[PDB]
């Protein structure tokens, strides 16, 4: 966790969640369960899809290798030929491998980011009306019904409420 969210303060991942990358599990009186944030999950889809097609597009004219043959007294330009074709094939092979390693890391950190920013979206609503447990969960100083939560997920959450 570069952002410290994923495998950082939240422990594992939610096997149960089969609806998006990130979301919630709630533990209330009408029911329990999982939901996924369209806002953030959809934004991430758009993210990596754009990453992929820009990687593919960045290397779509690359280097073609035509066959030239040389005779017996042309070992110098034949070598020149060989080592230039080889040489290009090598820098393009490097570029692909390098670009991949980098974008992989920056992508993992991207998902991590999305988590910590979701956790902050909720935390920046329930300020007083819940306590930060420490493992990514909020315990309620009130009672929170299914419909209270729908107000939460879509982030319009009613703060006009006491505390103690």
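Numbering follows the first chain given and starts at 1.
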{"property": "Segment of higher mean CA temperature factor, 89 to 97 or 75 to 83", "result": "89 to 97"}
{"property": "Between the two ranges 35 to 43 and 102 to 110, the one averaging a larger CA B factor in the entry", "result": "35 to 43"}
{"property": "Residue with highest C-alpha B-factor in the PDB entry, from 120, 64, 128, 69", "result": "128"}
{"property": "CA B-factor placement of residue 133, once the chain's modelled residues are sorted into thirds", "result": "highest"}
{"property": "Third of the chain's Cα B-factor distribution that residue 50 belongs to, per the entry", "result": "middle"}
{"property": "Residue 58, C-alpha B-factor rank within chain (lowest, middle or highest third)", "result": "middle"}
